[PDB]
Every structure is written in C-alpha cells, then in structure tokens.
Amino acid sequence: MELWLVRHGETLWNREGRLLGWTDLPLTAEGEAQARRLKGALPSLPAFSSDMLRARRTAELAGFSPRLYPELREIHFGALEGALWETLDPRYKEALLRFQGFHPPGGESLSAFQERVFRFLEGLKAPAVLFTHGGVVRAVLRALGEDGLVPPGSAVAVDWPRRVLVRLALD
C-alpha cells in the first residue's frame, strides 16, 4: 500500500537538541517555510495527521485538510520530554540509537510505540499522506531495513509493509 509519511517542520527544540514527544510546541518560521515547500510536492491523496499542532500546521501549509489521529503522534518520552539529547543517560541514548529496549518512566515503551504505529498503518484501506513525527517515520524506515532518520519537513513514500519507494527532501 503506497503511503507517504511526512515529518513535520522544525520547532525550536530541533536546533536545541531536546526530545520532543507529546510536548506541544509550535513550528518556527523556518518550520513553516519547510511546510510551504511541500505544497505541490506531495500527491493529492487523503490526508491523516497527528493531532499535535506542529503536525496539523505542516499539513495545512502543505495544502491539506487532514483527519486527526493521536495514533500518529511521536513516542511519549514521559519524564524524558524536553531532556537534552547531549546529557541523556548512555542507556537511553543507546536504546534510542539501536531503537530497542526503551521504556522511559511515565512514558511509552518503544515496543508499545511500534504496535501503535503499525496498528494504525494496518488499518489504512487506501493510499494516503500521513503528517507525523520523526520517530514514526524512523520506526517505519527501520522496519523496512533502512536508516530511519529524515530532516524536518521532509517526506518518504513506502509500499507498506514491503519497501521504501522514495525519500523527498526540499531546499
């Protein structure tokens, strides 16, 4: 099933290097700029978006009017929300880097996050554009055997659950 996943534009915490999950921060000026560049670059398919403001705003500026689903949210970092990546305990860094065995206190485990995301993707009955977050795109890319790190405001199209079709980045 052809699915286009879009990572929302940047927020201040991208440059600041802080974990941003369920914390609701707005797009920066550049983030809105990145979002506008997506208009006319994404297929005119039904759109779905995380309910987080930054995701919804990206969809809007991209020319879409998506249906909202919290299932498309970034992983819930719990007590690690807002924590600087730099000072993150090596155990957490490793868990996130290897994408496994991550269970932040007060948050969502990586295993639970993957189930949520993959369960949502399984329910899609037709090609769609999904406005979501870096961790969601990463989970999908890694499940498809590829490095799952993509720039804010970029997109990837996949033939779920078989292979990646294209990675789209705009300058």
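Note that residue numbering begins at 1 and tracks the sequence as displayed.
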query	finding
Stretch with the higher entry mean CA B-factor, where the candidates are 119-127 and 38-46	38-46
Selected stretch [higher average CA B-factor]: 28-36 or 50-58	28-36
C-alpha B-factor winner, where the candidates are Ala155, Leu20, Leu12, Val158	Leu12
Which of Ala169, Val164, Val6, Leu3 ranks first by CA B-factor in the deposited coordinates	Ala169
Cα B factor band for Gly63 (lowest, middle or highest third within the chain)	highest
Position of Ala95 among the chain's modelled residues by C-alpha B-factor, lowest, middle or highest third	middle
Chain-wide C-alpha B factor ranking for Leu88, given as lowest, middle or highest third	highest
For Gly145, the third of its chain into which the C-alpha B factor falls	highest
